[PDB]
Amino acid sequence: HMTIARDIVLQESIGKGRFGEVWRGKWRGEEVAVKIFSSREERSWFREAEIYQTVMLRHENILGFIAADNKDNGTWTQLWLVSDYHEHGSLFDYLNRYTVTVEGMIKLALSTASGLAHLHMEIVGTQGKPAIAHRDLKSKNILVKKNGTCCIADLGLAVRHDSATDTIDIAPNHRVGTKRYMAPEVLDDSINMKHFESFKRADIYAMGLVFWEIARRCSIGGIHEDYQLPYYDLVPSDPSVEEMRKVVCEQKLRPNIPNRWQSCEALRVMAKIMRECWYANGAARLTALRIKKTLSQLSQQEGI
């Protein structure tokens, strides 16, 4: 009855992130996504399997994990992770291809904040849930479902917190994520990695960047901005830590908030959220829970 690798047939190459190649496959007539790792990538495969198997993790805005398995083709062994399949693929792909309505933008932002709030939330009790920080949030690591809502993916670099002992489950390495989205404190290495809240705050800075990417694509009266990655106007493609630090920490710049966003309430709310995610001081940033609340109030008012 359970989904296993031997019963899945690969059909189409989707793409590749840091570790593992993603394919679309068919399991008992249904589409699934499969991330394939080689035997020498066992540590990366196991860590992502471990994060996704966390108690109480499942949420509509977190990629639906199905299974971790091995598949021996007779010559070599592949290490597989299987999840739900989402035809639209990444939010990066979606925003490159489409413009969104005001409702569309709010749906993407609210779902992203709801997934991050769930990841971040500690649940104490018998079947608890440790707080989890992502460490690599970006538009290529968020997927868009058929209903126009998002789900967070790419949990391999995540860190989990144990409140009872105030410990993090791994000894975290510095500057692990995508350089473009690294928070100021990660870029200048002032982050206190012994305090778990530091990792949640750095995820919020990255979410603010993702909200900027979405807001650019919100078309009102046919008016919108072209798709760009944050800092497209200040750093080269594949920027180094030094290039990012000079812009974000030294010159203290952030992505530009265009004048046209003050002409619409939804865009004024989004711009305010971004500014409050971009503070250099991690302690001053909004929480994912507070953002979820503000956006839920906005979606209720808009009638989404």
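The numbering used is simple: start at 1 and walk along the sequence shown.
Mean CA temperature factor is higher for 159 to 167 when stretches 104 to 112 and 159 to 167 are set side by side in the entry.
Here 243 to 251 and 42 to 50 are compared by their mean Cα B-factor, and 243 to 251 comes out higher. In the PDB entry, the Cα temperature factor peaks, among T126, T75, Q228, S83, at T126. Listed residues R180, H134, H88, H195 were ranked by CA B-factor as deposited; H195 comes out on top. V176: CA B factor lies in the highest third for its chain, per the PDB record. Sort the chain's modelled residues by C-alpha temperature factor and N61 lands in the lowest third, per the entry. Split the chain's modelled residues into thirds by C-alpha temperature factor. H224 is in the highest one. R275: CA B factor lies in the middle third for its chain, per the PDB record.
For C264, the recorded CA temperature factor ranks within the highest third of the chain's modelled residues.
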